[PDB]
Amino acid sequence: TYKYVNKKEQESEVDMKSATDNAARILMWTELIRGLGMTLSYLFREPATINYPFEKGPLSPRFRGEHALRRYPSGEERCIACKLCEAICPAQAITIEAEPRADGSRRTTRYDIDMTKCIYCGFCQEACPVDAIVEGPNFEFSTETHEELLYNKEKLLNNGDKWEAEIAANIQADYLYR
Amino acid sequence: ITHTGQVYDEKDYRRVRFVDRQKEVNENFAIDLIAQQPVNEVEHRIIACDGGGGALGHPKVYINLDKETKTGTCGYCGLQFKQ
Amino acid sequence: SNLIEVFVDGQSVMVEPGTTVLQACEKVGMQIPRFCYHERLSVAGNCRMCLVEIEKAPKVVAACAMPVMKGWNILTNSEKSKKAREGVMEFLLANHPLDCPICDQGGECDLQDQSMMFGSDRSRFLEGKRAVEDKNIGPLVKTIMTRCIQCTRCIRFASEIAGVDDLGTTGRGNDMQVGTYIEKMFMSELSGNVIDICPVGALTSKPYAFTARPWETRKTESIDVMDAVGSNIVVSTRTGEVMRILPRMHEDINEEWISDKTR
Amino acid sequence: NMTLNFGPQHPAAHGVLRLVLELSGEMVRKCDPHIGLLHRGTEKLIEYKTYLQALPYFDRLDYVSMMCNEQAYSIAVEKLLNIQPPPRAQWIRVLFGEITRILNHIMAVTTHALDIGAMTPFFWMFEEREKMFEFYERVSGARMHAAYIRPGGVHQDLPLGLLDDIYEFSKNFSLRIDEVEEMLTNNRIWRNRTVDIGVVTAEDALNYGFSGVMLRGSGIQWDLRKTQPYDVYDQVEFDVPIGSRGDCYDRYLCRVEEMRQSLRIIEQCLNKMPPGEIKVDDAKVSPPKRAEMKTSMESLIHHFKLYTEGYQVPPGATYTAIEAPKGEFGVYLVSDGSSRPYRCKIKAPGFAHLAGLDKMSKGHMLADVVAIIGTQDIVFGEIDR
Amino acid sequence: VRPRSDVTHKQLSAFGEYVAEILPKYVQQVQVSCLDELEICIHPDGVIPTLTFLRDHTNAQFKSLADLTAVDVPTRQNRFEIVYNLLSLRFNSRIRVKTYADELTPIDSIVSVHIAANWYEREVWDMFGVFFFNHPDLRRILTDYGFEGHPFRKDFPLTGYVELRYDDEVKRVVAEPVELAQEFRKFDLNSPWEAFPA
Amino acid sequence: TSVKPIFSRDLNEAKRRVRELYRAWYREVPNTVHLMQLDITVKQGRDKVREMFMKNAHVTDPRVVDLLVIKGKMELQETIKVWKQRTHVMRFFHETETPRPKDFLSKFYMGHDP
Amino acid sequence: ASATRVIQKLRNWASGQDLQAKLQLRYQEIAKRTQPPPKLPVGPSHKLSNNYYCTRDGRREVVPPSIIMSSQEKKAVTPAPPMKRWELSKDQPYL
Amino acid sequence: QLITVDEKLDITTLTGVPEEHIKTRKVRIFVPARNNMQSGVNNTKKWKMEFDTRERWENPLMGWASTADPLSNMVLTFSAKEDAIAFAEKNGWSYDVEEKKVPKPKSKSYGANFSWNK
Amino acid sequence: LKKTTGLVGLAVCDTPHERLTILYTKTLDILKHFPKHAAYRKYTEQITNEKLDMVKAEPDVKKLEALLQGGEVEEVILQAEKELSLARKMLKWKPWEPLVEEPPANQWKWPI
Ligand SMILES: COC1=C(OC)C(=O)C(CC=C(C)C)=C(C)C1=O
Ligand code: SF4
Ligand code: SF4
Ligand code: SF4
Ligand code: FES
Ligand SMILES: [Zn+2]
């Protein structure tokens, strides 16, 4: 099904009345005045902006935001170094090397997410079997120096501890969907 | 210092990085935090650790607590269970 | 002379009398999904994951153990021989403990892949699983044997390639556990090969427990210098430090095996 | 001819464009656009990445129509795997595909005006655009660059409040098009700036491979959404807005109509979205559900292999074209049996359009060229790839 | 499993024969994928002739060039596989004509047949190095002005050999041999087990 | 053997084209050093041209030579029709990079893999 | 909203439209957050019976391209049936 | 008409490779062996030629591996030994081909394991 | 009769039946030189003869547009002379000849 836009169905022959109406349109800028009315109208509408520090634009539970590594309620970090979070990262951001901890458990000696390399796809959130690496809600982590953006296990684990309460609520809300 | 005894030697220069800055480490260390949790005294030879929370936990696995001497430990949580 | 002609899906390959059905598929180029069959280990038939369908025959045959016969057509990809694999893989997986992110034979599993390629997408085992007590077989091999698919390749190697004759099956039913009855370590050279030969990650290497994961390992083919047999070996290096040395096959020198010292 | 380059920093240059202009006086006699300022190596990087981990790249080729772009890769990979997405997923892709064409057109119409000098239309619609991204963020977690449309099916089910919120946006959006409609469609100043500028004749448009609103604006009747119905575009009713003459006005008017026609398609999708699964049930192609991978061994093996290695699509090659808001976006994916692709030629509606700038901007002033680029809706991510 | 209509695999198949018959001097192979897509294969010399017949034949009008690309099979003697995908708005069908070109054996240019190719042919030269005779203005389009090497060739390193940084001493941007701080981890992904006869 | 000729039937005819390009570059070096305000000496630059034109002196095959000038011509066009700014041109001189010694003892003293 | 009637009337007029009916700012009409928990439906293939994958795996039942005219009276045939002319819309043919 | 050239296609001059990495890089054409871990043989089919390995020094700030060799991660796959050798000759890289070594036929029969005297 | 064709550049051609009959008869003529059993000659002659026959048979252009498709009649005119141009071009090309050269072996083997 098609539709002609800007196709004049027929040649309306000028009638004085028509001509006057048109000539008035050119002479007294009638349509231009129409446009001014629209903007005056909004001037009276409530502005949609938010006080950025005081009010925040709404983000729902799946917002990917900033990486964090979670821990079991007991206190044992969730990651067991299966290293498929490294395998599926599209940007090669996550670097993981592991060795059996003294307890005998499997754990990662080094877990480094290069956030400048990361493109926040959220697949790592997807891939983890124990769901140790999660996309945390915080988006405000702008840093003065490039090195700060590179994150080792201690920053991510600390990021995990700080935001665990909200991360748990967010995962709680969206897990049925996944 | 860190979880893995990562401590720059007294002569290493990456210590310059920490000059005038905090070397980020976490007081809460897992090796210790799991220890605190007590051994679960289950009464069945084989029990399962779903990870706590089912889908919100870790892949389900069954542990054989048959060895009387030792206690089964979930390769995931580290939680220990004894018969 | 001594050249029967058997058809693998009508390809008229010709094989010496004595060749098994699995071997007939190999020369055409097809590969029967197999567990418990290793070229240099005796045929045992334990897994029955290789069931194929010779044409005009009531039942499917065991590839690795069936002497081929004249005329037979293998029908390896026949609807039937796929139910005969879609239904075996159902069983191996049913009693299997899903700790694939613990099993360091993660990408080195002939049971996930043979499951991702020749098996089903789901499970129907709503019942409970089993668990087998682990064993301290030694300081080199970590036997997390709840993983074992009772494929008896260890018991063979430990008897046929190496003359240890220690590892054995113990019991019957679904609690046949293939571990030393009394806890006597498997101390012998040629010991570490069990790791490489167990397709499951039940018993794997204890030093290389959790240092890596195979997709990452860059593999450079080199020569054994520890001993004068000069066994061929592959040095698996990640980010510039060697993580593992595992055998690579040289018919004449080390045919898929390497010493406990040089790995 | 006083060679002058439209350097990148200039706002009208879309950030990266070095149009070497030869100014025969103010009249410009020749343009030699020097693209390449945003070539990222998108198609040599994809060869080194598995099919799922290359999806994200397709959200960054045209960065103003993310999901429609990732519906072209998803359809391609799906063809090469002879798998089809479940019924609910196909409606969701059509629902998100039209939200993206409204999103691209708000981008194209308002930024064109920003270049010409009308500043208010951009602000009114951009507030309506963040209303829309929210829909992306609420369904995928990313305002833009979602990764929601997956090679097989889509990734996660719609949250339980999205379709009501999409109705409320679509219910009131048309007045918003009506409002810039009044402010920038009859202004003698717009018409003069846009009418009779960059006229492209019908056969020339086909020969230059324009294939888009540029094809439809001159009267050729071609929409890959009705001609070769991909996904469900066979079960939704819409009218292609064919223009008559080809001036940059007729092309604007067509873009404003497609926003209106997309509201008609979005309405149908909310009214008729089926109950069902959002991703095909073959664990071999689409990853197993979180509960299943944590309770069934066959699912953990399938999750481990899919995330670590890949789908391993069967060897073959396909060119799949979908009507992206800019025009025909096509992926020629050549595939060996491996889990990672061998070649992925992204046909960008835009490589062809920018070539036409020299022919279209003929006998035109420095100012006309600003309108000529604006009416091609060119995003240099797609052209540079 | 995708729905497949054999109406197309028959229509397209027939057309393939029609093209082949009409242009037997150049058509080497004409196949229809299982995905209902035709792919006439032509000797490189048939570039001009086969396209023109498709652009201007009443029973096969293929007016617009969807794309011109060149896969590179290093094993193949003729490395590049120039592929031209065309669309027929009249018959609502697409066809692909693919030829083979080695590094120093140029292909003819079709800018005459379709001017769409003016840019894509420059793109193929810049990335793969195939040369197109009779091209109006062949010159690098996507790569940097001084770039050395053709990037999409399978034999070109991803990271490349040169990277840019600003040097104060010389107060100007300056190439240096690439030094990467985390090399691309080359995960080996192929599984040692095949999937089907194919 | 049995190759098709790209543009030059034989090394002889091909060499003709190289001569032309050399001339072109030779005549152009001075202009560039002035339109780009490059801090180099025309003589110096002209030697560089010679360097490059000989770096590929060994090529014996006619087809390879022909492409080489096509490519060479393209570079000139980017430098006379100026689309290549100083950063691009000076790169030819490898001014910032530290030269590497080729003496074995030198390499031994510095790099694991020479 | 929350606009004194007069401002609204001026607004509606200057714009020429009842902008009040369709305000852009959202007020208590947007889906409340914490919508109820979702129990999503399991699709086909989850049957526990007659679910053999071999009977549902289009991935590799696909075959190598069919080949015609390999190098190694008759009526004319088109790429496909000539296309059918699109028909003018009926809700809004023009404009 | 075609012209005659006996010169081994060498196109080292057109490829655009830095001089150092064309004269100091040895590539090996080999058919990949099978990690003994798995028994599948689908990765021991096509020949591959791989450039010689180079420096991988540790990075001071994060400890990540760092490499200065561009042709390191590049492994091209060639279907036959003849074609791979050709690639090395025209690109000018040195080559040292390794013959494919395929498992020799081995005679197996379940009956043997039950032999009266083995 | 019509005011204008949908396509922007194309212009209404009065005497369209006459213009088509001129072009169609010309092509038939040029094809007369093609080798006798040449595939292009037999195939295009069949298409062109049917097109003329219909153009001769139908005196109403609107129904003529329906009978040989072509959308607007003006397009059919462009397609016919485009074909006339190619017919002249192919006579020079001589594509009816056998394959120029067989593909190098393994040139078309995709799994690689
Ligand atoms: C909508 O098209 C585009 C613009 O013009 C309106 C641009 O300005 C720009 C960049 C503009 C600036 C300075 C933010 C981009 C990227 C673009 O895509
Ligand atoms: S996936 Fe989850 S668990 Fe496995 S390594 Fe990455 S983070 Fe640790
Ligand atoms: S063996 Fe280890 S890896 Fe293979 S399946 Fe069982 S657990 Fe997963
Ligand atoms: S241990 Fe490995 S080899 Fe021995 S039986 Fe269990 S699985 Fe087979
Ligand atoms: S391989 Fe056939 S029985 Fe195990
Ligand atoms: Zn646990």
# chains A, B, ... in the order shown; residues from 1 in each chain; ligands from 1
>>> residues_near_ligand(ligand="ligand 2", cutoff="10 Å", atoms="only C-alpha atoms and all ligand atoms", output="ChimeraX atom specification")
/A:68-70,77-89,94-98,106-108,111,124-134 /B:58,76 /C:101-102 /D:304
>>> write_last_selection(atoms="C-alpha atoms", output="PDB file, in the first residue's frame")
ATOM      1  CA  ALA A  68      31.154  -5.487  40.432  1.00  0.00           C
ATOM      2  CA  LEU A  69      32.113  -8.979  41.758  1.00  0.00           C
ATOM      3  CA  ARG A  70      29.587 -10.366  44.304  1.00  0.00           C
ATOM      4  CA  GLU A  77      33.580 -14.519  46.910  1.00  0.00           C
ATOM      5  CA  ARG A  78      31.246 -16.056  44.300  1.00  0.00           C
ATOM      6  CA  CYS A  79      33.711 -16.322  41.408  1.00  0.00           C
ATOM      7  CA  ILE A  80      35.189 -19.839  40.962  1.00  0.00           C
ATOM      8  CA  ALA A  81      37.418 -18.840  38.003  1.00  0.00           C
ATOM      9  CA  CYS A  82      35.707 -20.880  35.273  1.00  0.00           C
ATOM     10  CA  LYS A  83      36.962 -18.033  33.104  1.00  0.00           C
ATOM     11  CA  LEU A  84      34.168 -18.103  30.474  1.00  0.00           C
ATOM     12  CA  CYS A  85      33.392 -14.503  31.448  1.00  0.00           C
ATOM     13  CA  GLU A  86      36.810 -13.919  29.858  1.00  0.00           C
ATOM     14  CA  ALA A  87      35.848 -16.174  26.924  1.00  0.00           C
ATOM     15  CA  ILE A  88      32.630 -14.336  25.989  1.00  0.00           C
ATOM     16  CA  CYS A  89      33.825 -10.774  26.654  1.00  0.00           C
ATOM     17  CA  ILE A  94      38.481  -9.263  31.487  1.00  0.00           C
ATOM     18  CA  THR A  95      41.866 -10.901  32.257  1.00  0.00           C
ATOM     19  CA  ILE A  96      41.717 -13.835  34.716  1.00  0.00           C
ATOM     20  CA  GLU A  97      44.558 -16.077  36.002  1.00  0.00           C
ATOM     21  CA  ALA A  98      43.817 -18.542  38.833  1.00  0.00           C
ATOM     22  CA  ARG A 106      39.265 -22.637  43.143  1.00  0.00           C
ATOM     23  CA  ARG A 107      39.675 -18.874  43.124  1.00  0.00           C
ATOM     24  CA  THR A 108      41.072 -16.150  40.814  1.00  0.00           C
ATOM     25  CA  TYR A 111      40.689 -10.549  37.923  1.00  0.00           C
ATOM     26  CA  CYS A 124      29.541 -11.264  31.367  1.00  0.00           C
ATOM     27  CA  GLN A 125      26.455 -10.711  33.524  1.00  0.00           C
ATOM     28  CA  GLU A 126      24.771 -13.359  31.314  1.00  0.00           C
ATOM     29  CA  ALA A 127      27.635 -15.934  31.075  1.00  0.00           C
ATOM     30  CA  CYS A 128      28.671 -16.356  34.743  1.00  0.00           C
ATOM     31  CA  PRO A 129      27.327 -19.668  36.136  1.00  0.00           C
ATOM     32  CA  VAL A 130      27.592 -18.515  39.816  1.00  0.00           C
ATOM     33  CA  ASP A 131      26.708 -15.030  38.645  1.00  0.00           C
ATOM     34  CA  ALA A 132      29.708 -13.610  40.455  1.00  0.00           C
ATOM     35  CA  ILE A 133      30.289 -10.784  37.930  1.00  0.00           C
ATOM     36  CA  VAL A 134      27.273  -8.486  37.656  1.00  0.00           C
TER      37      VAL A 134
ATOM     38  CA  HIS B  58      25.148 -21.657  41.949  1.00  0.00           C
ATOM     39  CA  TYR B  76      31.156 -23.565  44.687  1.00  0.00           C
TER      40      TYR B  76
ATOM     41  CA  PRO C 101      33.022 -24.569  35.700  1.00  0.00           C
ATOM     42  CA  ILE C 102      35.016 -26.661  38.175  1.00  0.00           C
TER      43      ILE C 102
ATOM     44  CA  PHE D 304      29.379 -23.518  28.771  1.00  0.00           C
TER      45      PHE D 304
END
>>> interface_residues(of="chain H", to="chain E", cutoff="10 Å", atoms="only C-alpha atoms", output="PyMOL selection string")
chain H and resi 9+11+13-18+21+34-35+38-45+56-87+91
>>> write_last_selection(atoms="C-alpha atoms", output="PDB file, in the first residue's frame")
ATOM      1  CA  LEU H   9      55.742 -14.335  -7.762  1.00  0.00           C
ATOM      2  CA  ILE H  11      54.963  -9.526  -4.079  1.00  0.00           C
ATOM      3  CA  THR H  13      56.965  -5.182  -2.381  1.00  0.00           C
ATOM      4  CA  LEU H  14      53.200  -4.737  -2.523  1.00  0.00           C
ATOM      5  CA  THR H  15      52.043  -6.458   0.656  1.00  0.00           C
ATOM      6  CA  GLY H  16      53.097  -3.477   2.755  1.00  0.00           C
ATOM      7  CA  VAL H  17      54.959  -5.293   5.542  1.00  0.00           C
ATOM      8  CA  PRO H  18      57.767  -3.507   7.504  1.00  0.00           C
ATOM      9  CA  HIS H  21      59.108  -8.590   9.759  1.00  0.00           C
ATOM     10  CA  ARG H  34      45.296 -33.119  18.732  1.00  0.00           C
ATOM     11  CA  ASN H  35      45.535 -32.064  22.343  1.00  0.00           C
ATOM     12  CA  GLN H  38      40.079 -34.893  23.477  1.00  0.00           C
ATOM     13  CA  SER H  39      39.748 -37.727  20.974  1.00  0.00           C
ATOM     14  CA  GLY H  40      38.217 -35.709  18.190  1.00  0.00           C
ATOM     15  CA  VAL H  41      40.199 -35.332  15.006  1.00  0.00           C
ATOM     16  CA  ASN H  42      38.428 -32.412  13.333  1.00  0.00           C
ATOM     17  CA  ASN H  43      41.220 -30.021  14.261  1.00  0.00           C
ATOM     18  CA  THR H  44      43.927 -32.142  12.692  1.00  0.00           C
ATOM     19  CA  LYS H  45      42.574 -31.779   9.184  1.00  0.00           C
ATOM     20  CA  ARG H  56      55.906 -11.407  25.700  1.00  0.00           C
ATOM     21  CA  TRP H  57      57.196  -9.154  28.558  1.00  0.00           C
ATOM     22  CA  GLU H  58      55.045  -8.510  31.682  1.00  0.00           C
ATOM     23  CA  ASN H  59      53.403  -5.022  31.831  1.00  0.00           C
ATOM     24  CA  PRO H  60      54.503  -3.018  34.915  1.00  0.00           C
ATOM     25  CA  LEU H  61      51.171  -1.257  35.783  1.00  0.00           C
ATOM     26  CA  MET H  62      48.765  -4.249  35.620  1.00  0.00           C
ATOM     27  CA  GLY H  63      50.936  -7.357  35.015  1.00  0.00           C
ATOM     28  CA  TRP H  64      49.131  -8.113  31.710  1.00  0.00           C
ATOM     29  CA  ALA H  65      51.250  -9.841  29.017  1.00  0.00           C
ATOM     30  CA  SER H  66      52.541  -7.318  26.409  1.00  0.00           C
ATOM     31  CA  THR H  67      53.849  -8.169  22.897  1.00  0.00           C
ATOM     32  CA  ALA H  68      55.813  -6.073  20.347  1.00  0.00           C
ATOM     33  CA  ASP H  69      55.369  -8.601  17.484  1.00  0.00           C
ATOM     34  CA  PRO H  70      52.440  -7.831  15.120  1.00  0.00           C
ATOM     35  CA  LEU H  71      52.450 -11.194  13.220  1.00  0.00           C
ATOM     36  CA  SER H  72      52.197 -13.237  16.452  1.00  0.00           C
ATOM     37  CA  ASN H  73      48.500 -14.012  16.719  1.00  0.00           C
ATOM     38  CA  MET H  74      48.174 -14.554  13.014  1.00  0.00           C
ATOM     39  CA  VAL H  75      47.742 -18.095  11.928  1.00  0.00           C
ATOM     40  CA  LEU H  76      46.569 -18.562   8.365  1.00  0.00           C
ATOM     41  CA  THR H  77      44.842 -21.788   7.400  1.00  0.00           C
ATOM     42  CA  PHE H  78      45.627 -23.467   4.075  1.00  0.00           C
ATOM     43  CA  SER H  79      43.878 -26.647   2.781  1.00  0.00           C
ATOM     44  CA  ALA H  80      46.946 -28.272   1.146  1.00  0.00           C
ATOM     45  CA  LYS H  81      50.738 -28.292   1.721  1.00  0.00           C
ATOM     46  CA  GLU H  82      51.422 -27.026  -1.832  1.00  0.00           C
ATOM     47  CA  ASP H  83      49.197 -23.914  -1.427  1.00  0.00           C
ATOM     48  CA  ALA H  84      50.712 -22.952   1.965  1.00  0.00           C
ATOM     49  CA  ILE H  85      54.277 -23.204   0.551  1.00  0.00           C
ATOM     50  CA  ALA H  86      53.161 -20.865  -2.258  1.00  0.00           C
ATOM     51  CA  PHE H  87      51.966 -18.246   0.256  1.00  0.00           C
ATOM     52  CA  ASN H  91      55.083 -13.070   0.609  1.00  0.00           C
TER      53      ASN H  91
END
>>> select_by_dssp(residues="segment 86-147 of chain A", states="strand (DSSP E)", output="VMD selection string")
chain A and resid 94 to 100 106 to 114 133 to 136
>>> write_last_selection(atoms="C-alpha atoms", output="PDB file, in the first residue's frame")
ATOM      1  CA  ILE A  94      38.481  -9.263  31.487  1.00  0.00           C
ATOM      2  CA  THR A  95      41.866 -10.901  32.257  1.00  0.00           C
ATOM      3  CA  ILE A  96      41.717 -13.835  34.716  1.00  0.00           C
ATOM      4  CA  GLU A  97      44.558 -16.077  36.002  1.00  0.00           C
ATOM      5  CA  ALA A  98      43.817 -18.542  38.833  1.00  0.00           C
ATOM      6  CA  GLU A  99      45.445 -21.127  41.168  1.00  0.00           C
ATOM      7  CA  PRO A 100      44.038 -23.381  43.854  1.00  0.00           C
ATOM      8  CA  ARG A 106      39.265 -22.637  43.143  1.00  0.00           C
ATOM      9  CA  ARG A 107      39.675 -18.874  43.124  1.00  0.00           C
ATOM     10  CA  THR A 108      41.072 -16.150  40.814  1.00  0.00           C
ATOM     11  CA  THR A 109      44.500 -14.768  41.827  1.00  0.00           C
ATOM     12  CA  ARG A 110      43.991 -11.810  39.425  1.00  0.00           C
ATOM     13  CA  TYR A 111      40.689 -10.549  37.923  1.00  0.00           C
ATOM     14  CA  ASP A 112      41.195  -7.339  35.902  1.00  0.00           C
ATOM     15  CA  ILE A 113      38.315  -5.680  34.024  1.00  0.00           C
ATOM     16  CA  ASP A 114      39.742  -2.928  31.797  1.00  0.00           C
ATOM     17  CA  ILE A 133      30.289 -10.784  37.930  1.00  0.00           C
ATOM     18  CA  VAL A 134      27.273  -8.486  37.656  1.00  0.00           C
ATOM     19  CA  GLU A 135      26.453  -5.244  35.925  1.00  0.00           C
ATOM     20  CA  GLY A 136      26.032  -2.932  38.922  1.00  0.00           C
TER      21      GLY A 136
END
>>> residues_near_ligand(ligand="ligand 3", cutoff="10 Å", atoms="only C-alpha atoms and all ligand atoms", output="PyMOL selection string")
(chain C and resi 92-93+95-115+144+146-149+198-204) or (chain D and resi 297-298+300-302+304-305)
>>> residues_near_ligand(ligand="ligand 6", cutoff="6 Å", atoms="only C-alpha atoms and all ligand atoms", output="JSON, numbers by chain")
{"B": [49, 51, 74, 76, 77, 78, 79]}
>>> residues_around(residues="segment 38-51 of chain F", least_positions_apart="5", cutoff="12 Å", atoms="only C-alpha atoms", output="PyMOL selection string")
(chain E and resi 170+172) or (chain F and resi 18-19+21-33+56-57+72+75-76+85-95)
>>> interface_residues(of="chain A", to="chain G", cutoff="9 Å", atoms="only C-alpha atoms", output="compact mmCIF listing (two decimals) with N, CA, C and O atoms, in the first residue's frame")
# COMPACT_ATOMS: atom_id res chain seq x y z
N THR A 1 0.84 -1.18 0.00
CA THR A 1 0.00 0.00 0.00
C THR A 1 0.87 1.22 0.00
O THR A 1 1.75 1.35 0.84
N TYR A 2 0.67 2.14 -0.94
CA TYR A 2 1.60 3.29 -0.97
C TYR A 2 0.84 4.59 -0.69
O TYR A 2 -0.40 4.52 -0.62
N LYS A 3 1.52 5.71 -0.53
CA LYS A 3 0.87 6.98 -0.23
C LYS A 3 1.67 8.12 -0.79
O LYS A 3 2.85 8.25 -0.49
N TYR A 4 1.05 8.97 -1.59
CA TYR A 4 1.75 10.07 -2.20
C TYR A 4 1.87 11.22 -1.24
O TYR A 4 0.86 11.72 -0.75
N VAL A 5 3.08 11.66 -0.96
CA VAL A 5 3.27 12.82 -0.12
C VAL A 5 3.75 13.88 -1.08
O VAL A 5 4.62 13.62 -1.89
N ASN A 6 3.15 15.06 -1.02
CA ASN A 6 3.54 16.16 -1.90
C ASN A 6 3.10 15.95 -3.33
O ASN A 6 3.72 16.49 -4.24
N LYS A 7 2.05 15.18 -3.56
CA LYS A 7 1.54 15.05 -4.92
C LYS A 7 0.22 15.76 -5.02
O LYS A 7 -0.74 15.38 -4.36
N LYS A 8 0.17 16.79 -5.85
CA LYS A 8 -1.05 17.57 -6.00
C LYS A 8 -2.05 16.83 -6.87
O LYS A 8 -1.85 16.69 -8.07
N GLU A 9 -3.14 16.37 -6.27
CA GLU A 9 -4.11 15.57 -7.01
C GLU A 9 -4.60 16.27 -8.28
O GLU A 9 -4.79 15.61 -9.31
N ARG A 34 1.98 31.65 12.15
CA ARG A 34 1.49 30.35 12.69
C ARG A 34 2.62 29.69 13.47
O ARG A 34 2.39 29.25 14.61
N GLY A 35 3.82 29.65 12.89
CA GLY A 35 4.98 29.02 13.55
C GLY A 35 5.34 29.67 14.87
O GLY A 35 5.65 28.93 15.82
N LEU A 36 5.26 31.00 14.93
CA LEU A 36 5.58 31.73 16.19
C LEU A 36 4.60 31.29 17.27
O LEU A 36 5.02 31.12 18.42
N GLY A 37 3.34 31.07 16.90
CA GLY A 37 2.34 30.70 17.92
C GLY A 37 2.73 29.41 18.59
O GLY A 37 2.60 29.32 19.82
N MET A 38 3.23 28.45 17.82
CA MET A 38 3.59 27.13 18.40
C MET A 38 4.64 27.28 19.51
O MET A 38 4.43 26.72 20.60
N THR A 39 5.70 28.04 19.24
CA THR A 39 6.79 28.21 20.24
C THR A 39 6.31 29.00 21.45
O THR A 39 6.73 28.70 22.57
N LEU A 40 5.41 29.97 21.23
CA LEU A 40 4.90 30.79 22.35
C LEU A 40 4.15 29.78 23.21
O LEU A 40 4.29 29.83 24.44
N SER A 41 3.41 28.88 22.58
CA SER A 41 2.63 27.88 23.34
C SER A 41 3.46 27.07 24.32
O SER A 41 3.07 26.95 25.49
N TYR A 42 4.59 26.53 23.88
CA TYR A 42 5.45 25.74 24.75
C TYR A 42 6.07 26.59 25.82
O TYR A 42 6.36 26.10 26.91
N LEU A 43 6.27 27.85 25.54
CA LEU A 43 7.02 28.74 26.47
C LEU A 43 6.17 28.55 27.73
O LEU A 43 6.72 28.53 28.84
N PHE A 44 4.87 28.36 27.54
CA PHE A 44 3.97 28.23 28.70
C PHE A 44 3.88 26.81 29.28
O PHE A 44 3.28 26.65 30.36
N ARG A 45 4.46 25.82 28.60
CA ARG A 45 4.47 24.42 29.11
C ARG A 45 5.53 24.27 30.20
O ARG A 45 6.48 25.07 30.20
N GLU A 46 5.36 23.29 31.09
CA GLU A 46 6.37 23.04 32.16
C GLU A 46 7.62 22.42 31.53
O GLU A 46 7.48 21.46 30.76
N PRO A 47 8.83 22.91 31.85
CA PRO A 47 10.06 22.38 31.27
C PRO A 47 10.28 20.95 31.77
O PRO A 47 9.91 20.67 32.89
N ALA A 48 10.87 20.09 30.94
CA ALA A 48 11.03 18.66 31.31
C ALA A 48 12.36 18.38 32.01
O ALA A 48 12.57 17.21 32.38
N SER A 60 15.88 1.39 35.26
CA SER A 60 15.19 0.19 35.81
C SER A 60 16.22 -0.89 36.16
O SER A 60 17.40 -0.67 35.84
N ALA A 173 14.68 -8.67 41.31
CA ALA A 173 13.61 -8.25 40.38
C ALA A 173 13.67 -8.89 38.99
O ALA A 173 12.60 -9.23 38.46
N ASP A 174 14.87 -9.06 38.43
CA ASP A 174 14.98 -9.59 37.04
C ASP A 174 15.32 -11.05 36.76
O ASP A 174 15.34 -11.42 35.58
N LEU A 176 13.61 -13.92 37.29
CA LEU A 176 12.55 -14.70 36.71
C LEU A 176 12.57 -14.48 35.21
O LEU A 176 12.39 -15.40 34.44
N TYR A 177 12.82 -13.24 34.80
CA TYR A 177 12.84 -12.91 33.35
C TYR A 177 13.96 -13.72 32.69
O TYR A 177 13.74 -14.25 31.59
>>> residues_near_ligand(ligand="ligand 5", cutoff="10 Å", atoms="only C-alpha atoms and all ligand atoms", output="PyMOL selection string")
chain C and resi 21-22+32-38+43-52+61-66+151-153
